Structures are given as structure tokens and as C-alpha cells.
């Protein structure tokens, strides 16, 4: 099932991301259920916003927030919910929510899937417009949901992203 997919072929540079929400999609927040492996509806979003990239997680990781590491994956065409993509981390957006710190990584399709993103090596290589759009999304998408809130802090580099992956992989392994 999706529950058995590796974290990656060679973490932290070569990872797999399980997609929950496609790019360019309707505002339905899906989440894989840890017990069943099934895709559940978490929310029908109240804001007229959409996730700016495909969105999902790295299996077999455990962040300090109790969930697997969250990742945004830009692609040329939107991915299927429940599919798995090989990727390479390039940066991370830090933010604070009602529960504490959080982080949203950005990882690009691995070179074996396409050469398209090979030129993006670190966070400064992501388009400025894309980074601004991502920050604005996380800052505002919960504006109409009482109880949940997000304050965006700022971007960090690929080494910071990779550190989150390794820390969270080792935490899961040792759980």
C-alpha cells in the first residue's frame, strides 16, 4: 500500500514524495490516513485559494509536529493523488501555526524523471514569483478557518531542508 513506500532511494538528496493534493486543483485538502492508507477529505477550504504546487509527504519520517515531513513538488503537469514521485530537496519555508513551528519543503523532480529541474540546485534558484506565491498561500489559506492559523517566517536553503529530512527520518526509525 502507500504505507510501504520508502522515504527515498538515498536520503536526503534522493527522496520519494507521496502526493495528497495535485497542483492546479480544486480547494479540497486531502490527507492519507496512517491506519488505512486511504485518502481522506480533511477540509473543503473556505478560501478561494489553491495549493501552488503538488503537495504531500515523505513516508517513514516523523517531524516534531507528529506528522511526516510536508513537501511541495513543482511539476510540468499536475500529479495524481496517491501517486509517488522521486524528487530532490532544494529549500524550505519555515512558519508558525496554532500548534508550533512547521516547515514546508520544496523538492523538484529527480533528474531521472526529467532534466527540467536540474538547474534548480538551491533555494535561490527557485523563481521569485513561485516562492512569493507559496508564502502567500500558506499565510492566507486558513484565514477563514477558526482555530487554525499560520504566520510565515521565511525561506531557508537546501541544506536546511535536508537536515529536516534526516532528523525526521531518524526520529521515525527510532520511534
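Rigid core (definition): largest C-alpha set, two forms, superposition within 1.5 Å. Numbering follows the first chain given and starts at 1.
- Fitting each structure in 5 other deposited structures of this protein onto the rigid core and averaging C-alpha distances over structures and residues, 61-69 emerges as the more displaced of 103-111 and 61-69.
- Put simply, when the other structures in 5 other deposited structures of this protein are lined up on the rigid core, the C-alpha atoms of 91-99 lie farther off than those of the other stretch, from 71-79 and 91-99.
- According to the PDB record, 26-34 carries the higher mean C-alpha B-factor of the two stretches 47-55 and 26-34.
- Higher average CA B factor: 147-155, of the stretches 147-155 and 163-171.
- Within the listed group 90, 84, 73, 103, the record reports its top CA B-factor for 103.
- Taking the PDB entry at face value, the top CA B factor among 142, 136, 110, 119 belongs to 119.
- Compared with the other modelled residues of the chain, the Cα B-factor recorded for residue 126 ranks in the middle third.
- For residue 39, the recorded CA temperature factor ranks within the middle third of the chain's modelled residues.
- Annotation for residue 10: C-alpha temperature factor in the highest third relative to the rest of the modelled chain, per the entry.
- Among the modelled residues of its chain, residue 132 has a C-alpha B-factor that falls in the middle third according to the deposited record.
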